[PDB]
Amino acid sequence: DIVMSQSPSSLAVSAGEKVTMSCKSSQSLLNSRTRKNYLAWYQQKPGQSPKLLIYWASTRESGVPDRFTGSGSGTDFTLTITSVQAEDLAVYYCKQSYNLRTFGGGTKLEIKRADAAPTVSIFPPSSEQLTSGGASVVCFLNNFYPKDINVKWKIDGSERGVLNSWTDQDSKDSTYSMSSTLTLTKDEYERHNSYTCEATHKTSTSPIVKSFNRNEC
Amino acid sequence: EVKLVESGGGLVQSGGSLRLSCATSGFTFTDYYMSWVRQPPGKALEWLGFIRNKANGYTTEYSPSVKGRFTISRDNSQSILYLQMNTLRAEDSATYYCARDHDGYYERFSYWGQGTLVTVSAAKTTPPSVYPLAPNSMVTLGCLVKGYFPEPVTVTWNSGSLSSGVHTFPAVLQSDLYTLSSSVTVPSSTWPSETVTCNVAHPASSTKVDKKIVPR
Ligand SMILES: C=CCO[C@]1(C=O)C[C@@H](O[C@]2(C(=O)O)C[C@@H](O)[C@@H](O)[C@@H]([C@H](O)CO)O2)[C@@H](O)[C@@H]([C@H](O)CO)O1
Ligand SMILES: [Mg+2]
Ligand SMILES: [Mg+2]
Ligand SMILES: [Zn+2]
């Protein structure tokens, strides 16, 4: 059958630098009759459908930036991105069409940038939720780099129903954001006063602390 | 302009059937092969099958992975592509894309639809609860879209007029329900003096919500 494999699984590269990724087929994709390699590259940015970049191994589709170049023949192919831009963040797939079609497993390209501290915001439960008997407290940690971050919840000063979610990297500023949601029952929420989220990120030995007090609402 | 638009995704039980459609325009439909491709959340693309063009008698081929279970067809009068799926299982949960394929010359999928999400599950449809998140030169507001099933939901702000400074956090499944959130950051001089509203939709439950963020 035709097995398509890609390398690396993932990598990070700084804006302006060169990216190299590879694609291997288990059979030569070189059609002897047309003398072309039936190998295409697609880019899939976060939340989007795939987009055609390159076909016949090296033909760049109209509208595709010149920085993208496809090369190779037979069983081995390469997509090279010169002077990578923040917007190039994506999963890149190769696909053979020599015999039906088969996709490789993709290469995830992330962008490396300077460390950035998060901006942290805390939000108390809404009255429209509390009326229902639940109480979710939300902290947004926005626009930071690198991706690793620690969030602690403290209730009346002691550490504590947590849902954490990271955005994909931003296509403009190459930062991450994360949301942390602590959910309590209304009964439990009303037993305590101070609600704190504490973000520790490599950008500071000081955690970023945001709090509210139920009595102040 | 070429347009490809999938429809028919949603929740279905294990063992059930579902038919997807893909409406097209902006090109000579009968000239082209059309493919179906799927993608489980966070996983690779998987080619499923194609239907050939008029010159090749509109014949079909399928991946061994779905041959015998999935059927592709096309309406050449209206330029619509179909995918009939039978005996669905959890592994079939995925975004399904149609893609324009071969025209007898070029080897490429020139265009892809936005995709339609299929979820194979015994769980019932549950509409979200949508809650406002209200509290510098900048201020950050949000909406908590809690406790829904299946995916997806859509979130915009001020009907899409606020897109810059928006972060929508991918849904997370906990105890059989999804929850997501979305933040928006605007100049403090503009809120609460100007209105800020998150617009949330949950197609599975036909839910449409506009939640104005009001200062507390
Ligand atoms: C293998 C069958 C006969 O080859 C061709 C002759 O040109 C090409 C066929 O195109 C396909 C196909 O429909 O299977 C699709 C195309 O993307 C590519 O994969 C080629 C493959 O390189 C073999 O040529 O196959 C098709 O036109 C076919 C026709 O149906 C019968 O002659 O003819
Ligand atoms: Mg941001
Ligand atoms: Mg207490
Ligand atoms: Zn307690």
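Sequence lines set the chain letters: A, B, ... in the order given, protein chains first and strands last, and positions in each chain run from 1. Values below: all heavy atoms of this structure, side chains included; hydrogens, waters and symmetry mates excluded.
Expressed to the nearest 0.5 Å, how far OG of B:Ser110 lies from OH of A:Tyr55 amounts to 7.5 Å. Here the OG-CG distance, from A:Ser73 to A:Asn37, works out to 3.5 Å after rounding to the nearest 0.5 Å. Taken from CG in A:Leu89 to CD in A:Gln169, the straight-line distance is 5.0 Å, to the nearest 0.5 Å. In this structure, OG in A:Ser171 is found 12.0 Å from CD in A:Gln85, a value given to the nearest 0.5 Å. Note: A:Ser194 OG to A:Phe212 CZ = 8.5 Å, rounded to the nearest 0.5 Å. Note that the OG atom of A:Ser206 and the CD atom of A:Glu198 stand 11.5 Å from one another [nearest 0.5 Å].
In this structure, the side chains of B:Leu177 and B:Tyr148 stay at 4.5 Å or more apart for every pair of heavy atoms. Between A:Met21 and A:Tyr92 there is a side-chain heavy-atom pair separated by less than 4.5 Å. With contacts defined as side-chain heavy-atom distances shorter than 4.5 Å, the pair A:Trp56/B:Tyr106 qualifies. In this structure the side chain of B:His202 never reaches within 4.5 angstrom of the side chain of B:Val145, judged on heavy atoms. Residues A:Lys147 and A:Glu110 form no side-chain contact, since every pair of their non-hydrogen atoms from C-beta on lies 4.5 Å or further apart. The shortest distance between side-chain heavy atoms of B:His102 and A:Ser97 does not fall below 4.5 Å. B:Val5 places none of its side-chain heavy atoms less than 4.5 Å from the side chain of B:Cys98. The side-chain heavy atoms of A:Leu52 and B:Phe109, taken from C-beta on, include no pair separated by under 4.5 Å.
Ring geometry, A:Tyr145 versus A:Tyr176: the interplanar angle falls under 30°, so the pair is classed parallel (tilted spans 30 to 60°). Ring pair A:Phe144/A:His201 is perpendicular by interplanar angle, where above 60° counts as perpendicular and below 30° as parallel. Taking the six-membered ring where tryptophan is involved, the planes of B:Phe50 and B:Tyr33 are perpendicular, since the angle between them exceeds 60° and thus also 30°.
Taking the six-membered ring where the residue is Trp, the centroids of B:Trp112 and A:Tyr42 are separated by under 6.0 Å.
Atom CZ of B:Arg19 has 12 or fewer heavy atoms from other residues, nucleotides or ligands within 6.0 Å. More than 12 non-hydrogen atoms from other residues, nucleotides or ligands lie less than 6.0 angstrom from CG of A:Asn215. Residue A:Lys108 places its NZ atom among 12 or fewer non-hydrogen atoms of other residues, nucleotides or ligands, all under 6.0 Å distant. No more than 12 heavy atoms of other residues, nucleotides or ligands shown are found within 6.0 angstrom of NZ on A:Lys210. Within 6.0 Å of the CD atom in B:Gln13, the count of heavy atoms belonging to other residues, nucleotides or ligands does not exceed 12. Within 6.0 Å of atom CG in A:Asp156, more than 12 heavy atoms from other residues, nucleotides or ligands are found, so the atom counts as buried in its surroundings. Heavy atoms from other residues, nucleotides or ligands lying under 6.0 Å from OH of B:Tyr62 number more than 12.
Between A:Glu61 and B:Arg108, at least one side-chain nitrogen of the basic residue sits less than 4.0 Å from a carboxylate oxygen of the acidic one, meeting the salt-bridge criterion. Between B:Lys211 and A:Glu128 there is a salt bridge, with a side-chain nitrogen of the basic residue lying less than 4.0 Å from a carboxylate oxygen of the acidic one. Under the 4.0 Å criterion applied to side-chain N and carboxylate O atoms, A:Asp170 and A:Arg113 are not assigned as salt-bridge partners.
B:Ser35 and B:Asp101 share a donor-acceptor pair across their side chains, judged by distance under 3.5 Å alone. A donor atom on one side chain and an acceptor atom on the other are found under 3.5 Å apart for B:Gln39 and A:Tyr93. No side-chain donor from either of B:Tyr111 and B:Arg100 sits under 3.5 Å from a side-chain acceptor of the other. A:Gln96 and A:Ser25 are not linked by any side-chain donor-acceptor pair at a separation below 3.5 angstrom, with hydrogens and angles left out of the test. Side-chain contact check for B:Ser14 and B:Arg89: at least one donor-acceptor pair (N or O, by modelled atom type) lies under 3.5 Å. Between the side chains of A:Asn143 and B:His167, at least one donor N or O lies within less than 3.5 Å of an accepting N or O. When only modelled atom types and interatomic distance are considered, B:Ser137 and B:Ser188 share no side-chain donor-acceptor pair under 3.5 Å. B:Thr185 and B:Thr140 share a donor-acceptor pair across their side chains, judged by distance under 3.5 Å alone. Neither side chain, A:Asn142 nor A:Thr119, offers a donor N or O lying under 3.5 Å from an acceptor on the other. Looking only at atom types and distance, the side chain of B:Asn199 has a donor-acceptor partner in the side chain of B:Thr156 under 3.5 Å away.
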Item to check | Working for side chain to side chain donor-acceptor pair (under 3.5 Å), residues B:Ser65 and B:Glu46 | outcome: CA-CA 10 Å; B:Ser65 76; B:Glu46 183 188 13; 2.8 Å; yes
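With hydrogens and angles ignored, the 3.5 Å screen pairs no side-chain donor or acceptor of B:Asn158 with any backbone N or O of B:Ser161. For the pair B:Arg216 (side chain) and A:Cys217 (backbone), a donor-acceptor distance under 3.5 Å is absent.
Of the residues B:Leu117, B:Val120, B:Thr119, B:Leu18, the one that meets the side chain to side chain contact (heavy atoms under 4.5 Å, CB included) test with B:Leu11 is B:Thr119. Each of A:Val137, A:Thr181, A:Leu184 was compared with A:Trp153 under the side chain to side chain contact (heavy atoms under 4.5 Å, CB included) criterion, and only A:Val137 meets it.
Pairing each heavy atom of A:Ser49 with each of B:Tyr97, the nearest pair is OG-CE2, 3.5 Å. Pairing each heavy atom of B:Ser17 with each of B:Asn86, the nearest pair is OG-OD1, 2.8 Å. Across all their heavy atoms, B:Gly9 and B:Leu20 have their closest contact at N-CD2, 3.8 Å. Closest of all the heavy-atom pairs between A:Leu39 and A:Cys23 is CD2-SG, 4.0 Å. For the pair B:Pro127 and B:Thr207, the tightest heavy-atom approach, listed with the atom from each and the gap, is CB-OG1, 3.5 Å. Smallest separation of non-hydrogen atoms from B:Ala123 and B:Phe149: CB-CE2, 3.6 Å.
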